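Per-entry structural report
Here's the letter readout for the chains.
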Amino acid sequence: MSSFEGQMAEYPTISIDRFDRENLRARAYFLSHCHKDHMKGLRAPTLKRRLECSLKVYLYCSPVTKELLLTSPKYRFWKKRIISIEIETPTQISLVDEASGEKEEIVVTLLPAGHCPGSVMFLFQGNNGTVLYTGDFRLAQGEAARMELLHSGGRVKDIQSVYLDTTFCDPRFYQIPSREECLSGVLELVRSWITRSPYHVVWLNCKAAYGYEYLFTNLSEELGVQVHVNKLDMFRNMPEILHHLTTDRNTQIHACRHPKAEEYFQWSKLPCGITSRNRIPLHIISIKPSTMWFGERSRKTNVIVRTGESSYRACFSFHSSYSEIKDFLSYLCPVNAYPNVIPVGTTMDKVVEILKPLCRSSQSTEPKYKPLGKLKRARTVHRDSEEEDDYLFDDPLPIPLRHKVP
DNA sequence: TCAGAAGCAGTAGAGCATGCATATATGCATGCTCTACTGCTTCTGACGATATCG
DNA sequence: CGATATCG
Ligand SMILES: [Mg+2]
Ligand SMILES: [Mg+2]
Ligand SMILES: [Zn+2]
C-alpha cells in the first residue's frame, strides 16, 4: 500500500505517487513506478478535465515508466503531457503557476530503485533544502555508500527529509535473502522438475504486475524456455525482455494470471484455458514468490519451502528489509524521515519510534530556567516574642559597623 | 366527458468506494447514489350540450 | 326561442 498523501512538507506545489484530492492544484506530477497503489487519481475525471484546461502541468517519470503507462488504453490521454527524464541526470523543473505568471525552479534527480521496470527515486533540491523520496525501493546492506548522486565530495549530502519505503519496517522481516538466492533456488527447482518430461510445466503465481521480470528473464536465459504471459505488447520497445516472453500456451514455464487461477490449478489447469497438450495430461507445480508469508514463520525456514505435493513458495521481495532500511537510513542520516506505508501488523507510532533514533536529531538542550520570585510566605510566621531573663546567658554580641566604601 | 395536472416509480449515465488475500499488489469487480427524464395512474374541474321551465 | 340547472 502507499500511506503517502503525495505532497512533501518542503515543496507542497508538487505531488508524487498520489493525485486524488489536494493534488489537483499541484504544478507538477511525479510517478515513481507503475504500481496501482502509487497511481491513485491518475485516471480521475477531475484530473482529465484539468489536463484539457492547462498547458504547463506535466507528469515526470522514468522512460520505462512512460512506456509501461502509455501502453494501457486508459492512460493514453497523458501521451502529450508526460516528460521522461533519464536517471542520474540533474534536470531543472519549472513550477510555473497557471493563473499567475509566477515561476519557481527546482532541480530533480532520478535514482534507480531496483524494484520493478521503471522504478526510480526522486531527489529534489530547491530553496527549502534537499529532500529524497524513495518510493518502494530495494537496497542491500552496504549499497547506500555506492550512490554517486547522493554523495558530495566523498561524503553524504545534507538531506533535510526522507520519505522512505517502510513496507517491511518491523523486526519480523529481519534479513530477507537477496533475490539472487531465491532466483537460484527457483531455477534449480524448475530445472529438476521440467527436465523429466516435456509435459511437466511450472506455474509462477506472481501477484504484482511488474517486478518479476528478473526471474522470467533469468529462467529463460538459464533454461532456454520462454515464459507465458497474458500481455507482452507493453515490452515492445524493450528487446531484452520481449524476447523472453511469449503468448503461446505450448511452453513449459508459465506466469499467466487470473482472478480464479487457484481453483484452476486445483483442477490441474493453468490460468490459460489449456489443460493438456495432445490429450496427454500435464503435471503442474505452483511456485508463489512472496514475502509476507515468510514473515509469519515460527521457526527456521528455507528460501524454497514445500507447502504441498505440487505447491512451493519462494522468498522474493522487491522491498528492503528491516535491517536494510535501518542501514540505509543510518547512512543517509537525515534531519527527518517519514514512513510512506505502515506495515499490516505494525502501527504508525512504532514505525515512527523505530525511524527516529536513525534520524539526525543529535541536538539536545538544557531545560529553560524556571524563575523563583515572590516567595510563598509574606509575613514572618516564625517570629519570636522576645522575652528572656538576660542573666543566665552572656552579653549579646554588638552589631558590627563597616564604613569602607569602594 | 375528457383534457390536463400531480404524484409517483423506473432507468441511463456518470461517478465512486470497497473488498480482494497473508499480496503489498491487487486492478478488478461489484454494488451503490444522484439527477433528469419519461410514463402511468389517480384526481379534478371546467364545459358544452341538452333538458327543463316560461 | 329564453335561459337555468343539470348531468357526462
Ligand atoms: Mg506500489
Ligand atoms: Mg512497489
Ligand atoms: Zn499460461
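As annotated in the PDB entry, chain A carries the name Protein artemis and is attributed to Homo sapiens. Per the PDB header, the entry is named "DNA-PK complex of DNA end processing". Under Subcellular location, UniProt gives the following word-for-word description of chain A: "Nucleus".

1. Observations regarding the protein's contact with DNA strand B
Residues in close proximity to DNA strand B total 24 residues, the closest being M1, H35, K36, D37 and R313. Sugar and phosphate atoms form 70% of the subset of DNA strand B atoms that lie within 4 Å of the protein. Within the backbone of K36, one N or O atom sits 2.5 Å away from a phosphate oxygen of DNA strand B. In terms of residue class, the surface near DNA strand B is built from nine nonpolar, seven polar and eight charged.

2. Considerations on the coordination of the zinc ion (ligand 3)
All of the protein donors around the zinc ion (ligand 3) are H228 (ND1), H254 (ND1), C256 (SG) and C272 (SG); their distances to the metal are 2.2 to 2.5 Å. Coordination geometry of the zinc ion (ligand 3): the four donor atoms subtend angles of 97 to 129° at the metal centre, consistent with an arrangement described as tetrahedral. Along the chain, the residues that donate to the zinc ion (ligand 3) are spaced as H-x25-H-x1-C-x15-C. Residue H228 is found in strand β13 (residues 227-228), and its partner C272 is found in the loop between α6 (261-266) and β16 (276-277); the two are separated by 44 residues along the sequence. Look at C272 and you get buried, because its relative accessible area is 7%.

3. Topic: the pairing of strand β12 (residues 200-204)
By the criterion of burial, β12 is predominantly enclosed, with five of the five residues buried. Burial of β12 is two-sided: the residues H200, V202 and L204 facing one way and the residues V201 and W203 facing the other way are all buried. The sheet contact formed by β12 and strand β18 (residues 283-290) spans five bridges and is parallel. Bridge assignment links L204 to a residue of β18, and that residue is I287. Both β12 and strand β15 (residues 253-254) contribute to a ladder of two bridges, which runs parallel. Residue pairing across strands places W203 opposite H254, the latter belonging to β15.

4. Remarks on the environment of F235
Tracing the chain through its elements places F235 in the loop between β13 and α5 (239-242). Judged by its relative accessible area of 3%, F235 is buried. A sequence separation of 194 residues divides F235 from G41, and the C-alpha atoms of the two residues are 25 Å apart. Setting aside anything within four residues of it in sequence, one finds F235 in contact with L68, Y210, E213, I241, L242 and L245.

Conventions and cut-offs
Residues numbered from 1 in each chain as written, not as in the entry; some residues may be left out. Chains lettered and ligands numbered in written order. Part of a larger assembly, values for the part shown. Heavy atoms only, no water. UniProt positions renumbered as here; feature names shortened; annotations may be inferred. Near = heavy atom within 4 Å. Polar contact = N/O pair within 3.5 Å; in protein donor to acceptor, adjacent residues only side chain to side chain. Nonpolar A, V, L, I, M, F, W, Y, C, P; charged D, E, K, R; others polar. Donors = N, O, S within 2.8 Å, 3.2 Å for Na, K, Ca; no water. Tetrahedral: all angles 85-135°; square planar, octahedral: opposite > 155°, others 65-115°. Helix = DSSP H or I, 4+ residues; strand = E, 2+ residues; numbered from the N terminus. Buried < 20%, exposed > 50% of the residue type's maximum accessible area, 1.4 Å probe, protein only. Pairing = 2+ DSSP bridges. Contact = heavy atoms within 4.5 Å.

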